[PDB]
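This is what each chain is made of:
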Amino acid sequence: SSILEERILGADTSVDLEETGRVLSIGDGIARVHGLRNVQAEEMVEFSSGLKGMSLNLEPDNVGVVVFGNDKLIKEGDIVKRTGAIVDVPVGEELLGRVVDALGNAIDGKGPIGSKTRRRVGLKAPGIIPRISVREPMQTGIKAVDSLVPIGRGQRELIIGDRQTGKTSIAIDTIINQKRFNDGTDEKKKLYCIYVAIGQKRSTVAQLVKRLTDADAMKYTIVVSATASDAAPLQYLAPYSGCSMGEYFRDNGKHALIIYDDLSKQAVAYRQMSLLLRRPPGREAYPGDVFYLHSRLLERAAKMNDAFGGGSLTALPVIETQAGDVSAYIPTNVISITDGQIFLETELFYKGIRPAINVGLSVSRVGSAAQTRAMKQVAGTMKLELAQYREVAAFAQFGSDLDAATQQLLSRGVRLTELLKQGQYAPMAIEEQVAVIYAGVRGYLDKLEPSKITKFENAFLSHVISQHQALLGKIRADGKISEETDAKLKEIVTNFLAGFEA
Amino acid sequence: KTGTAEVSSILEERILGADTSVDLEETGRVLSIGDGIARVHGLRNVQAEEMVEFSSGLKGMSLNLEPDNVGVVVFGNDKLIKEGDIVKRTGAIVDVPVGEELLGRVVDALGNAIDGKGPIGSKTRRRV
Amino acid sequence: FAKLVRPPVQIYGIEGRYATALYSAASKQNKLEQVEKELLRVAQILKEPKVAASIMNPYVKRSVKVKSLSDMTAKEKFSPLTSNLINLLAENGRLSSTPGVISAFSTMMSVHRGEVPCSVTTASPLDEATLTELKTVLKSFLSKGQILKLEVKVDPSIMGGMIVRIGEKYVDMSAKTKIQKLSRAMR
Amino acid sequence: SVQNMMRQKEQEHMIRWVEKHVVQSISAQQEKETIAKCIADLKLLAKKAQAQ
Amino acid sequence: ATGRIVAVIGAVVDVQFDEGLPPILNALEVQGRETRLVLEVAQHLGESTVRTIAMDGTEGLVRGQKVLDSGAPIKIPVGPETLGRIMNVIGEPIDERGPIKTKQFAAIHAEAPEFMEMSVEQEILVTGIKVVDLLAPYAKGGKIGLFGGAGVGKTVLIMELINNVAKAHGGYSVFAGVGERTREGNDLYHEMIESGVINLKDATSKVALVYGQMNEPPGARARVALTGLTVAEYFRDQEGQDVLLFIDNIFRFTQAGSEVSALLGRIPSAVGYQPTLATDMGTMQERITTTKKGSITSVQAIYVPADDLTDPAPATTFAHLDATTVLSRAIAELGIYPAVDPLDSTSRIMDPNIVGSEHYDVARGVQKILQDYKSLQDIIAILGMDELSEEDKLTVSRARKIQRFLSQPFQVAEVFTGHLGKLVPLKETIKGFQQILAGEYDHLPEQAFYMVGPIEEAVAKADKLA
Amino acid sequence: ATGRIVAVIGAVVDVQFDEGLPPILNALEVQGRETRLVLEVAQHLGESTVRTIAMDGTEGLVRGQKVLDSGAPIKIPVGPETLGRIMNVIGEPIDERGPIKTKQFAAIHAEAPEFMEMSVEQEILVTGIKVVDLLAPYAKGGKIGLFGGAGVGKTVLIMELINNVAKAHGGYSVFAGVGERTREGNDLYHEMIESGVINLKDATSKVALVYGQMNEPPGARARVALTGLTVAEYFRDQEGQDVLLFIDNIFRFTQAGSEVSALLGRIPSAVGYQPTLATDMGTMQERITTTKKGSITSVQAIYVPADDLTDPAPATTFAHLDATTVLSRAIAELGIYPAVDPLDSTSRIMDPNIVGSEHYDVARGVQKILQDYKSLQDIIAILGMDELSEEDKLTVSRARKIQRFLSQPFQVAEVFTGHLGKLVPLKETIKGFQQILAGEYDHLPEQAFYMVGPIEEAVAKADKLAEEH
Ligand SMILES: Nc1ncnc2c1ncn2[C@@H]1O[C@H](COP(=O)(O)OP(=O)(O)OP(=O)(O)O)[C@@H](O)[C@H]1O
Ligand SMILES: Nc1ncnc2c1ncn2[C@@H]1O[C@H](COP(=O)(O)OP(=O)(O)O)[C@@H](O)[C@H]1O
Ligand SMILES: Nc1ncnc2c1ncn2[C@@H]1O[C@H](COP(=O)(O)OP(=O)(O)O)[C@@H](O)[C@H]1O
Ligand SMILES: [Mg+2]
Ligand SMILES: [Mg+2]
Ligand SMILES: [Mg+2]
C-alpha cells in the first residue's frame, strides 16, 4: 500500500542535545524530577515513552510535574526532556467539523488536521479601550429565551440548574438554530460554535455528534473533548484550550460561541491535581484561587470595537448544582462574573413548563436591549402581562368570583404560558415567532381552550409558511411590524380562527 | 525535623571557635521576621512575658520560650525590623503609669499621651 | 550575621546545612584542600564495632558521647576546626547522619575541579582506537581547564546505540527510533 | 461498508508484520554495528562543533 | 529481581529492591507463606524502594522477608470454561471443584475503548415492572443504576432483573459481588444450580461468578470489581456475544479506596474521601460499554451513605449512567414497594419518537399530576383537606390512586409475604393509566389499586370489598 | 543588591540576596522580561531569603533569575495632572493616551493620621433620593457604604450618585476599580466623556480612574485599593481641597488576601479567610478620614457574598463607616427601585439636633409603620385580607402607599425602563411623606404612587388613570 511507505519517508530523524532531568518519584500522576535547571514555570516537558507533561511547581531541590496521560509507563530513574515552550494548542478554521482532544489531536479518525498557527492556553483578556457595548442579537430559537430573557452577542450568560432539567438541550437547540444564517449570504449574521465536554462519558459525546449531523449542524462547529477517563490535568486544560480556538474568530472579525459543559467538573480536576502537589486546602478542600480559575477564563468573552474587527465571543457556561441550592461555593463565585442567568428548575419541568425556565428570576442585563424592533412590540407587552399574572395567580383554592375583575387577566397568562412551551431539536425563527406571539396578546385566543393551544400552534404555523410566505418576509426585512403590516395580520388570525375547529 | 535555629549561619561560627564576640546571655540576634512575629537567636536569661526592645526603637513581648530561639511579638510596624538586628532586655514584665494624674487625660494602651496637652505627671507604676 | 562563600553545588536537606557550614568555615584561612585529607581519616574510624556501637546508640548518655569522641578526635592526628564540628554534631543529636555529611562534603569539594562524570551506556566493551577518541572528543565540549572522569554500564535493551549524559545533557542515539516509527501508523 | 471494514482489518496486520520482523533483523547484525559506532562518534564530533 | 520487606502498616507493605525496580501495577510474590500473598506496586518512593498494596492479610510478616517479582499484572484464566465457576481477586477456584483449564489468560488492568468504537443505537428492554416501563424505560445496551440507602430494596430489585431478563436471554451472563455479605453469595449458587443455569456435569452453563466480599482486606475489595469486568469482556470482544453484567455493590470500590489512601501519604479532600475520587471511578466505568463488537447491559446497585444523595461518592456516579432508579426511604414507610421515586428517575430514551407518542403522553401527564400533589403538602398538613377548591380535590384523589398503582408484587418476594408475583406487559400499563387520568375509576376506592398486577385486578379487588 | 529567584509556587516567588536584605514592604524588579513585573517583599526567612508576591503573571520565571531593588515601596504618579486618566496598580497608563507627566510621586504605604488631627464637625448632604435623604442621610466628609448581594443595584446606585453629586461639586473625585467586570469599566469611561466630566483635549476634567479588574492575579487585586486613596489624599492634604472617593468593589481587597494566605505559610482562620482580616483592613480604612487639613467623602460598594450579612468580610466593615445603605433582594423582586431596605439602613446624624425635629419625626414614623406591616403579613397568610378590622386595613393601604412612594425613577434607568428621571429636593421629600401618614391621600389608587417624584406628580397620574378608564 502506498500510504504507509509515503508516511515513513516524510519522517524527520533529527537529533540534538536535550536538557534532561532524572525522575525521583512517580505516584498518582506527580513526578518530582531531580535536575531540570533552566525550566520555566508552566513549561511543557516530555517523558521518554511519548507522554507529555507540564511543570507547575518550581522548588530548589525537586520540580513538580503533572502528566497528560497515564503514569504506569513511567519508572523511577526515567528521563524527562525539555521542549522549550509554554503550553500551546493549534488554532484555526481548519479544525471546523471535527472532534478533538484537549491538546488538538483528532479523535474522529478523519486524519491529521492541517493547522498552521499555534496559540497559548494562558493568554490575557483585553482591557478597557478595545471593547465596545453590545449592539447585536443572538437568536436561540427558544421562545421563552428570545422574548423574555434576551441574550446579546458578547455577553456571558449562565445556564444554571440541577441534573436532568434541560441544560444541555438548551445549548444544543442554540447550535442547531444557527443553521439558517450559515447558508445565507451576509458574513455578519453567522455564528460559529464550539462545544467543550468536560467529565462526560464517551457514550454521550459520540451520541451528540449524531444529533448534530443529521441536521448538518456539525459543518460549522468544533468539539473539544476531555472525557471522564482522562487524566485530571486534561480536564483542567480543556476550557482554556477551547476558549483559545474561540479567539481565532474574535481576534479576526467573526463571531463565536462557546459552551462549557460543565464548569463544576473543571474545579474537581483542580482540587485533585493540586492536592497531590502538596498545596494546602481551602474551603471544601478547594484551592485558594478557584475564583481566579474561573475569572481569568470568563473575561476573554469580549466584544471588540470596530477599529479592531468588531468581532464578538459569547459564552454559555453550564453549572450543575446540588439539590437546587444556589448559595454553594462554586455557584456564587460564577454568578458574580456573568451578566445574566437562566434559572432552570425541576418543578417547572414536571408541572409541564418545558424548557423549564424560571422567567421570574432569570434576570439579564439586557445587553443594550438588542432584542429586535418587532419583538419589542409584542414581547414588551408580554413581559408586563406575564408579570401582572405572577403576582396574583398562586391560590389553588378559590372562594369568591370576580370574572370582570381578576379572571380576565389570569386567562391571558395561561394562553401565554402554554404558548411558551416548545419541543426539542426544532427551533423556530424570529418572524415565525412574531406571528404566533401577535395572536396571543391581542386577545385572539381567549375563546379557545388551553388544552388546545399547543394544537392550535402547529396548524397556525403550517398555514403561514405555506400560504403567507411574502407576509413574513416583510417582517424579517423591514425589521418592524408596520401599521399596514398590522393590518394584514388582523384578518389572517381571524380568518383562521373562523375555520380552525370545525 | 530541622529546628529553627539550625540555619547555615548559626552553625558556621561554632566551627570557627567559641562565641566570645557576642555574649548571648543578654543580647540576641534576630533569625527571621514576618507579619509581626520575630525569631531571636540568643537571649538565654529572658523571663516569660518580658518586654524586649529592638534595635530600631520598637518594643516587644516574649511569649514563646523554645529550646533554640525565642518568639517575640512586635509592637508597631514591621518594616523597621530585619534579619541581623540586636535585641536587648529591659528586665521586667510590662508596666504602665498609674495615679490620679490620668484623670481628664487620654492615654493609649502603654500609658503614653495622645491628646497633646502634655506628659503625664504620675509618680507610681504597676504591672499589668 | 555575616556573609559566607557560596559552595558550587548548593545541596539541601540535613546534609547541606552542616556540609556548607563546614565549607564556609574551612574556606576561611584557606583550609580547603587540607581538610578533605582529615575528613577521609574520620571516614575510616567511624566504621568500627566499638566506635559505631556507640555513635548510633540512643541509650548510653546524652553527655558521654561528647567526651568520648572529643578525646578520640584530638589525640591521634589532627586538631583543626573539624574537632569542633564533631563536637557540634554530637551536641545537637545528629550523630546518625554523620556519614551523610562527608558524602555531601565530598560532592561539594569535588566540583571545585571536577566534572560530574558522563555515563556511556552501549554494549559489551570496545577497543582502544574507538575509546580514546571518546575520552578526548568528550573533552572538546567543556573547555574550562579540567580533567574529565567517566562511568560505563552495559545494557542490551538498547539494541544498537549509545546514550551519554554530560551533566544533564542526554544526547540519545539508540533503538528508541523504532517507537518513533509510530508516525507511519499515525495517519 | 464491506469494502471499508476489510481494509481496516488488513491495515493493522500489515503494520505489525513490518514492525515485528524488524526486531530480529536489527538484533542479528554484528559487523555493521562497528560501522554504526564511528558515525555515532562523527555525529557527536559534528554536534559539539556547532555549539562552540 | 528480589527484595526485602522494610515497613508494614496494615495493608500497605513497603518493600525495597536492589536492581530491577518493578513498574507500577506489577505483581510481587511473598516467599515463605502457607498461602499465596501477592503484592501490587502502587508508588515509587525514591532510591530503589516501592510501596505496594497487598491482596491478602499481612499479619506474620517480618522485615527482611524476601519478595519475588512476577513480571506481569494480576492475570486470571478467561474463556468458556469459566462458566459455572466462582473465583477470587487473583483468579483461583474457590468452588473446590478443581482447577480452571483455559487456553489463554487475561490481565486485570486494560485501557478504555476509543471514541470511534462506540455504538449509539438505542432500544427498549421491557422488564415487567410498571414503575420502570412507564416512567423510566431501560435500554438494550446501556448502564443502569439503582440508588438506595440501607434497607430499601436495591437487591430484591436486582434479583428481579435476573428473574425476568436472564431467563429470556440468549447469550451469556456475568455476576460480580463487591463487598456485600457472604450468605447472599451462597444463595445465588443454591438457586442457579436448582434452576438449570449452573450445570455441574457438562458444558451447558450460562452464568459466570466472581466474588470478593466484606471480610477481605481493602486491597482486594478495591480490585475485585476489575475481575468480573474482565471475564465480561472476553465474552464481548473475542467471542462476540450479548452479555449481561450485574454488580452489587459498586460503592465499596470507593469506600475501600479511601481506607488505603490515607496511608499512601495524601492530603484528604472533602468529607473524608481520597483526593482521586472521580478519576479511578471514570477508569472503571469507562470500560463497561456497549461497543461495535458486542453489548454489555449493566445493572449496578449503588449505595448512598447515611441517606444522602449529595455525598461525593454517589453524586459522581450519575454522569456515567443512562437510566436511573432513585429509591427512597419515606416512600417505603408507606408500603409502596418497589420504593422508586417517580420524580427522581430518568432515562435518555423517554422521547415521543422512541417510546411512541401515545406512551410519551401518559408519561409526562402522570408526572404533572404527581408534582401538583407535592406542591400542596404545606397547606394540607397545617390547614386541612377541607380548605381546598373542587378542582384541587381532584388532583389529590387522582394522585393517590396513581401512587398505589405503581406497587407490584415481585416474583422473588413470594417467600416473604405469600403473594403471587405478577408480571405485566408494556401495553397493559399504558392502557391502565389512561383510565385513571381520564377519570373512569373515580368511584372505586384507593385500597383497590394497591399491590395488584394488571388493571383488571384493581376492579376485581374493588369487587371483593363491598 | 541583586538577588536570585529560587521557588515560584503559584503567585508567591522567593528570592535570595547575596549582599543586602531589603525591609518588609518594598518593590523588586525582575529582569529580562519585556513587561514590568513588580514583586513586593513580605517576609524574612533566614539565610538571606525573602518571600515576595508578584503583581503580574508568573509564567516564564526560570530559577536563578536576577532581581534588582529600588529602595522604597511602590512609587506612583500623583498631582493635578492625573485627572481624566486611567491608571494601573503600579501607576502606569492603561488608556493609550501617553504617559503621566507629573513632578511628584507618592509611595503607597503611609500611616494613619493621629488622634490630634481629627475634624469633629457633622453636616448634611443632599443627593436627591427619597430613601437616602429621608432615612439614612449622608454627611459632608463622612464615610458611606453600599451593601447588598449580587444583582440588586449597586453599580446603578453608585453611578447615579456620580451623576447627582459629582457634577454639581467644586472639588474632585476618584474612581478606584478594585476587581470588577471589564465591561462595566468601559461604560463609565464613556458615560462621562459625553457628560463633560472627562475632556480629552483640554485640562478641565474633574475625575481620576484606577482600574485593576477581575482578570488580574490576586496579588494585584489587593493594592488597587491603596493606589486609590494615595491619589485621593494628595487632594486633601497637600492641596487644601475637598475630595470624593468612589471605590467599587472593596470586598475584592479582603478576598484577594485569602487567595495567597496558605501559600505564604499561615494557618487559615475561620471560614477560610486569612488570620489578619481586621488588621490589614483597618490599616487601610483609617487613611480614609477627614483631618483638619481637608475633607474626604467616601462612597464604597461592598459585596455581601451569597446575601450573607454575618459573613466576616462584611461584618468587620460595619465599623469603618458613618452611613450604611443596605440593598435587599426580596424588595427588588417586587419591582421597587432603589432596592434600599428601610429598616436596615442607618446613619449617625439621624439626630434631632442636626437634621431638625421635623425631619426626625417623619423618618421615625415611616420606619414605624413598615415594622407594623410585617406583624400583619403573618395574619393575612391565614385569615385572608377580608377578615381584618377596619383600622388594620388602613395600615396596610398606607404602608403599601409609602412602600411604592419610596421608589423613584433614576436618570440612569432611562435605558432600562423607559421612564423619565426625577431629582427630588429635600423640602418636598419631608412634606410628601408627612401627608400620606396624615390621611390626605387616602382616596387614590396605589398605582399613582409607583415611580413618581414629588407628591404633586402622584395626583397627576390618578387623573390620567380615571380619564382612560
Ligand atoms: N425542550 C424539551 N422538552 C421536553 N423535554 C426535554 C426538552 N429538552 C430536553 N428534554 C428532556 O429532558 C431530559 C434531560 O435533558 P438534558 O439531558 O439536556 O439534561 P442535563 O441536565 O443536561 O443532563 P445531565 O444532568 O446528564 O447533564 C432528557 O431526557 C431530554 O429528553
Ligand atoms: N419488592 C418488595 N416487596 C416487599 N418487601 C421488600 C421488597 N423489596 C425489599 N423489601 C424489603 O426490604 C429489604 C431490602 O433489603 P435488601 O434488598 O436485601 O438489601 P438492601 O439493604 O441493599 O436493600 C428486604 O429484606 C425486604 O424485607
Ligand atoms: N432603576 C433600576 N433599579 C433597579 N435595578 C435596575 C434598574 N435599572 C436596571 N436595573 C437592573 O438591575 C441590575 C442590577 O445590576 P448591577 O447594579 O448592574 O450590578 P450588581 O450585581 O453589582 O448589583 C442590572 O442588571 C439592571 O438590569
Ligand atoms: Mg448536561
Ligand atoms: Mg443489599
Ligand atoms: Mg456591579
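- As summarised from the PDB record, the model derives from cryo-EM at a stated resolution of 6.2 Å.

## Some remarks on the overall build of chain A
Working step 1: Within chain A, the secondary structure is distributed over 17 helices and 15 strands.
Working step 2: Based on the C-alpha atoms only, the size of chain A along its principal axes is roughly 85 × 55 × 45 Å.

## Observations regarding the site of ligand 1
Working step 1: Surrounding ligand 1, one finds 14 residues, the nearest of these being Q164, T168, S169, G423 and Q424 of chain A.
Working step 2: Near ligand 1, residues from chains A and E are present, making the site a shared one.
Working step 3: At 3.4 Å from an oxygen atom of ligand 1 is found a side-chain nitrogen or oxygen belonging to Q424 of chain A.
Working step 4: Side-chain polar atom of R364 of chain E to a nitrogen atom of ligand 1: 3.3 Å apart, as the coordinates give it.
Working step 5: Within the complex, the protein chains bury 83% of what would otherwise be the 640 Å² of accessible surface of ligand 1.

## A few points about the UniProt feature "binding site: Mg(2+)" in chain A
Residues and elements named next belong to chain A.
Working step 1: In the numbering used here, UniProt assigns the feature "binding site: Mg(2+)" to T168 and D261. Over a stretch of 94 residues, the named residues converge on one spot in the fold, their C-alpha atoms separated by at most 7.6 Å.
Working step 2: With respect to the element layout, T168 can be found in helix α3 (residues 167–177).
Working step 3: For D261, the position within the fold is in strand β12 (residues 255–261).
Working step 4: Judged by relative accessible area, which is 5%, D261 ranks as buried.
Working step 5: Excluding anything up to four places from it in sequence, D261 contacts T168, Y195, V196, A197, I198, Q200 and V318.

## A closer look at the UniProt feature "binding site: ATP" in chain A
Working step 1: Here, the residues flagged by UniProt with the feature "binding site: ATP" are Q164, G166, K167, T168, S169, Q422 and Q424 of chain A.
Working step 2: Along the chain, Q164 of chain A falls in the loop between β9 (157–161) and α3.
Working step 3: Given the relative accessible area of 40%, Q164 of chain A is considered partly exposed.
Working step 4: Once residues lying within four places of it in the same chain are set aside, the contact partners of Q164 of chain A are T346 and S347 of chain E.
Working step 5: For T168 of chain A, a relative accessible area of 28% corresponds to the partly exposed category.
Working step 6: Residues in contact with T168 of chain A, not counting those within four places in the same chain, are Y195, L208 and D261 of chain A.

## Topic: the packing of aromatic side chains
All names here are of chain A.
Working step 1: Tallied over the full model, the rule gives 25 aromatic pairs over all chains.
Working step 2: Among the aromatic residues, ring-to-ring pairing joins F456, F460, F496 and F500 into one connected group.
Working step 3: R271 extends its terminal NZ or CZ atom over the ring of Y286, reaching a point 4.7 Å from the ring centre.
Working step 4: Across the ring face of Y329, the terminal group of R283 is positioned such that the distance to the ring centre comes to 4.8 Å.

## Here we look at the site of ligand 3
Working step 1: Neighbouring ligand 3 are the residues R365 of chain A together with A150, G151, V152, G153, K154, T155, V156, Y337, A413 and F416 of chain F.
Working step 2: Bordering ligand 3 are residues originating from chains A and F.
Working step 3: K154 of chain F places a polar main-chain atom, nitrogen or oxygen, 3.2 Å from an oxygen atom of ligand 3.
Working step 4: At 3.2 Å from an oxygen atom of ligand 3 is found a side-chain nitrogen or oxygen belonging to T155 of chain F.
Working step 5: Its residues assigned to classes, the shell around ligand 3 comprises six nonpolar, three polar and two charged.

## A few points about the sheet that holds strand β13 (residues 242–247) of chain F
Residues and elements named next belong to chain F.
Working step 1: Strand order in the open sheet formed by seven strands is β8-β12-β11-β13-β14-β10-β15, with parallel pairing between adjacent strands. The sheet is open, and its two edges are formed by β8 (86–87) and β15 (323–325), each paired on a single side.
Working step 2: Running over the sheet, helix α4 (residues 224–238) touches β8, β11 (172–178), β12 (207–212), β13 and β14 (295–301) and is turned about 170° from β11.

## Considering the interface of chain E and chain A
How big an interface is tends to be expressed through the accessible area that disappears when the partners come together.
Working step 1: Of the residues lining the interface, 57 residues belong to chain E; the matching set on chain A comes to 48 residues.
Working step 2: Of all residues in chain E, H44, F115 and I267 of chain E bury the most surface against chain A, accounting for 16% of the area lost on that side.
Working step 3: At the boundary of chain E and chain A, one finds three salt bridges.
Working step 4: Taken together, chain E and chain A are joined by 16 residue pairs in polar contact.
Working step 5: Only α5 (277–284) and α6 (359–374) of chain E provide two or more residues apiece to the side of chain E that touches chain A.
Working step 6: Looking at the side of chain E that touches chain A element by element, the count peaks at five residues for α6 of chain E.
Working step 7: Classifying every residue of the side of chain E that touches chain A by side-chain character gives 23 nonpolar, 20 polar and 14 charged.

## What about the packing of helix α10 (residues 392–405) of chain F against helix α11 (residues 426–438) of chain F?
Residue and element names in this part refer to chain F.
Working step 1: α11 packs onto α10 with a crossing angle of 165° between their chain directions and a minimal axis gap of 10 Å. One way to sum up the angle between α10 and α11 is to call them roughly antiparallel. The interaxial crossing formed by α10 with α11 has right-handed handedness. When α10 is examined against α11, the residues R398, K401, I402 and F405 are found in contact with a partner set consisting of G432, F433, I436, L437 and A438.

## Digging into helix α5 (residues 202–214) of chain A
Residues and elements named next belong to chain A.
Working step 1: With 13 residues, α5 ought to run about 18 Å at 1.5 Å a step, and its terminal C-alpha atoms sit 19 Å apart, in line with that.
Working step 2: When we look at burial in α5, the residues that qualify are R202, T204, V205, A206, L208, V209 and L212.
Working step 3: Contact partners of the buried residues in α5: β7 (98–100), α3, β10 (192–198) and β11 (221–226).
Working step 4: The first or second residue beyond α5 is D216, which carries a positive phi of 60°.

## What about the sheet that holds strand β5 (residues 79–86) of chain A?
All names here are of chain A.
Working step 1: Reading across the sheet, the five strands line up as β1-β5-β2-β3-β4 and stay open at both edges, with antiparallel pairing between neighbours. At either end of the open sheet lies a strand with only one pairing partner, and these are β1 (21–22) and β4 (65–67).
Working step 2: By the bridge criterion, four bridges tie strand β2 (residues 43–47) to β5 in an arrangement that is antiparallel. Looking across to β5, one finds that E46 is bridged to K81.

## Points about the pattern of salt bridges
Working step 1: Counted by the stated rule, this structure contains 77 salt bridges over all chains.
Working step 2: The salt bridge partner of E247 of chain A is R250 of chain A, with a shortest N-O separation of 2.7 Å.
Working step 3: A relative accessible area of 1% places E247 of chain A in the buried class.
Working step 4: A salt bridge links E347 of chain A to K351 of chain A; its shortest N-O distance comes to 3.4 Å. One end of the pair is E347 of chain A and the other is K351 of chain A, both in helix α11 (residues 347–351) and four residues apart, which spans about a single turn.
Working step 5: Relative accessible area serves as the criterion here: at 25%, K351 of chain A is assigned to the partly exposed category.
Working step 6: Taken together, the shared-partner salt bridges in this structure form one network comprising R156, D339 and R365 of chain A together with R181, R183 and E184 of chain F.

Reading the values: rules and limits
- Residues numbered from 1 in each chain as written, not as in the entry; some residues may be left out.
- Chains lettered and ligands numbered in written order.
- Part of a larger assembly, values for the part shown.
- Heavy atoms only, no water.
- Residues with missing side-chain atoms left out of burial classes, pairs and counts.
- Helix = DSSP H or I, 4+ residues; strand = E, 2+ residues; numbered from the N terminus.
- Near = heavy atom within 4 Å.
- Polar contact = N/O pair within 3.5 Å; in protein donor to acceptor, adjacent residues only side chain to side chain.
- Areas by Shrake-Rupley, 256 points an atom, 1.4 Å probe, with all protein chains shown as cover.
- UniProt positions renumbered as here; feature names shortened; annotations may be inferred.
- Buried < 20%, exposed > 50% of the residue type's maximum accessible area, 1.4 Å probe, protein only.
- Contact = heavy atoms within 4.5 Å.
- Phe/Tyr/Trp six-rings, centres within 6.5 Å; stacked < 30°, edge-to-face > 60°.
- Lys NZ or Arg CZ within 6 Å of the ring centre and 35° of its normal.
- Nonpolar A, V, L, I, M, F, W, Y, C, P; charged D, E, K, R; others polar.
- Pairing = 2+ DSSP bridges.
- Axes fitted to C-alpha atoms, helices over the stretch in contact; angles between N-to-C directions.
- Buried area = accessible area lost by both parts, 1.4 Å probe.
- Salt bridge = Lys/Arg side-chain N within 4 Å of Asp/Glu carboxyl O.
- Parallel < 35°, antiparallel > 145°, perpendicular 65-115°, else oblique.
- Left-handed = near helix turned anticlockwise from the far one by under 90°.
- Expected span 1.5 Å × (residues − 1).

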